[PDB]
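These notes concern the structure reproduced below.
Just the heavy atoms: all of them, side chains too, but no hydrogens, waters or symmetry mates, feed the values below. Every number for a ligand or one of its atoms is a count from 1 in the order of the listing. For the single chain, residues carry numbers from 1 onward in sequence order.
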Amino acid sequence: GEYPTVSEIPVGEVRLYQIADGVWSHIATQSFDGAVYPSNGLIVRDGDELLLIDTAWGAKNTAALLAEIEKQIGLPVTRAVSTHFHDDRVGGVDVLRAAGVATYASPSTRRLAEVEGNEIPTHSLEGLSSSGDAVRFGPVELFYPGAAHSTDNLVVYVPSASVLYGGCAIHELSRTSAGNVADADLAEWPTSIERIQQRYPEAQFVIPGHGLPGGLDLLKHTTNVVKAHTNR
Ligand SMILES: [Cl-]
Ligand SMILES: [Cl-]
Ligand SMILES: [Zn+2]
Ligand SMILES: [Zn+2]
């Protein structure tokens, strides 16, 4: 199927895209600094339940995400993981919590969300504090590749489907800039990408934080973009 773009997704709405069996992305149109763009998260079937990766940025959008999941899939979301502390990825956690979803993040993410004044996932994910750390979490592996887009950023791999979701640590091909780098670690980002390459060389589908999916070429693209920004 054609991957949904901002022209299929009005502001405040959410669409799902089935990447593979029991794996979807969720896509929401967001507004920022004069522009609009499509933000991805992930949904992974976990027996007869669903694991959500990342909110849809804010209470209203995350409610709309839960509705679209019920419409298109119809299984209960029982757990959610936020991949870093920024408002776009934890904004909407209170809605998930109120709807009975167990919300998770690393202690690193929880700490930085609190400092920032953002919503804070309730449960803490142990075993991810050091670069290269990985932990199993139901139908996914969570991986802390090192600092990149942020110091806490996690990536998520679905072994059954060979899908890698990079959140904002991986850029789509149409991105030329490094994105919001206020909290990034530019010096460590290319090393962190190399850890991802080394761990998941078998990945077939790579989902960037924003925009169009691709393959492992997205990792090299991301390092190219990051180098360009470093050498500005
Ligand atoms: Cl730990
Ligand atoms: Cl588990
Ligand atoms: Zn961010
Ligand atoms: Zn490129």
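Rounded to 10 degrees, the NE2-metal-NE2 angle spanning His149 and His84 at the Zn ion (ligand 3) equals 100°.
Surrounding CD of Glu126 are at most 12 heavy atoms belonging to other residues, nucleotides or ligands under 6.0 Å away. Around CD of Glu114, the count of heavy atoms belonging to other residues, nucleotides or ligands within 6.0 Å does not exceed 12.
Using the six-membered ring where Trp is involved, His123 and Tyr104 have ring planes that are parallel, under 30° apart on the 30 and 60° scheme. Ring planes of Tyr37 and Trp57: tilted class, angle from 30 to 60°.
Around the Zn ion (ligand 4), protein N, O or S atoms at less than 2.8 Å number 1.
Not one N or O on the side chain of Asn231 forms a donor-acceptor pair closer than 3.5 Å with the backbone of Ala228. With hydrogens and angles disregarded, no donor-acceptor distance shorter than 3.5 Å links the side chain of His210 to the backbone of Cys168.
When you scan the N, O or S atoms of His86 for the one nearest the Zn ion (ligand 3), you land on ND1.
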- prompt: Going through the checks in order, is the side-chain contact (heavy atoms from CB on, under 4.5 Å) test met by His229 and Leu186?
  reply: CA-CA 9 Å; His229 177 82; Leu186 289 169; 3.2 Å; yes

